[PDB]
C-alpha cells in the first residue's frame, strides 16, 4: 500500500468547541514551540449549530489550500460539542480526513480530545505536553509492554492465529525491538486486578485482542468502574485496541476509551496517553491485520515507512487492513477512532540524552541560527511565547534554522530540540 506521510512541513488545526476556546492555549503554544505549526478554529465559527457536513467541508477546504500541507486535525469536545459523521451503521471521525481519491485511505490524521468538562480537557492537554516535553532517563516504565488476549479464535482468523498466538507474535516483535519486559494476560482467568496491577507497575504500550462492550474488556472484565483504581501518574501507555465498541463515544455514559483518557488521581493524569478504539462492532479477522501492522511500523520494521506520530502509526497500520480485507476493512478503518493527540510523538523505550551545542546569543538582525546536535533527525525550533520563528531538522550534525520573521523586537528566544526516544532539550537564546 502507499503510506500517508507525516509531512515535515505539515501543520495542524485544532477545531475546538467555543466553550473550550480559552482553555487550549498551552497546548497550541507547546506544539508551535516544538515545531508543529498549529492553528485554532472555533467550531461554531464554521457553522452554528455545528454539523458533521460543515466540519467535513471545512477540513477539505483547508486541505486544498496552496501546498496541501494540512496534516493533522484535533477535535476538542464530546459528540454533542463536535459531532461525528453518522451514516447507517457507521459513526466516524476518521472520515473527516478522507479527501482525495474516492477511497478510504486518509490524507489527514484525525484525533479527538473527548471532554464534557474543563478538567477533562485540562488533563488531556497536560498528559500530552508532559509526554513530549518532560520525560527523562528516569522514566523507567518505558520499554515495558502488556499483551492481552481472549482464549478464542483460530484457523479462520487473520493468518490463522487464535488471539493468543496473534499476541505472542506481537510480543516477540516487541522483544526483538528492545522492549525489556512483556506482561502477558491471556485468558482463561484474567481478572480486573491483573490489569490494574500491570498499569500501576508501569507500562508504555498495551495491545488488546478480544471481546469488548461499550465500557469494558471481555478478557479481564476490567472496565470504566475500575479506572478510578489506577495510580500510574504520568506513566501512561498508548493502546491498540481490537474489540467491539470500546470507542463508542456516543454512548449514554463515558465509553471505555473516554474513561481512560479522562482519568485523574489527585490532579495528575492516569490511564492512557492515547488509544485507538472502535465506535461499532468489529469483525473478527480484519482488525487483527491492522493491529499487526501498527506494531510492525512502531518497531521500525519497514525502513521506508517510518512513522513517529500516534496518528501516523495507526492510520498506516490500518491501510494494510484495507488492502487485504477490502470493504470489510474499510468499515473497520472508518470507525477505528483515535482518542488523544494524532500528532503525538510516541515513545517506545527509556530515552537517552542528546548533546546540543548552540550559541548563547543571537543577533537581533540574524536571518539564520545554527545548532549542533549529536542526533541526526532531531527537530530544532526557535519560538517566542508560542510563536514559532523557525524550525529545521538536524542533518550531518547540525540544524540551520531559517527565521520566518524579524526578531529585532525580541530580548529572548526559546530553543527546543526533540528527537525520537530522546530527552527533550530546551535552552534560552538571548537576543543581542
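Positions refer to the first chain, counted from 1.
Taking the PDB entry as given, 369-377 carries the higher mean Cα B factor of the two stretches 369-377 and 30-38. Of the two segments examined, 334-342 and 247-255, it is 247-255 that shows the higher average Cα temperature factor in the deposited entry.
Ranking 210, 271, 160, 317 by the C-alpha B-factor listed in the PDB entry places 160 at the top. Among the modelled residues of the chain, residue 112 sits in the lowest third by CA temperature factor in this PDB entry.
The PDB entry assigns residue 321 a C-alpha temperature factor belonging to the middle third of its chain's modelled residues.
In this PDB entry, the Cα temperature factor of residue 360 sits in the top third of its chain's modelled residues, the highest group. Per the PDB record, residue ranking by Cα B-factor puts residue 303 in the highest third of the chain.
Per the deposited record, the Cα B-factor of residue 204 falls in the lowest third when ranked against the other modelled residues of its chain.
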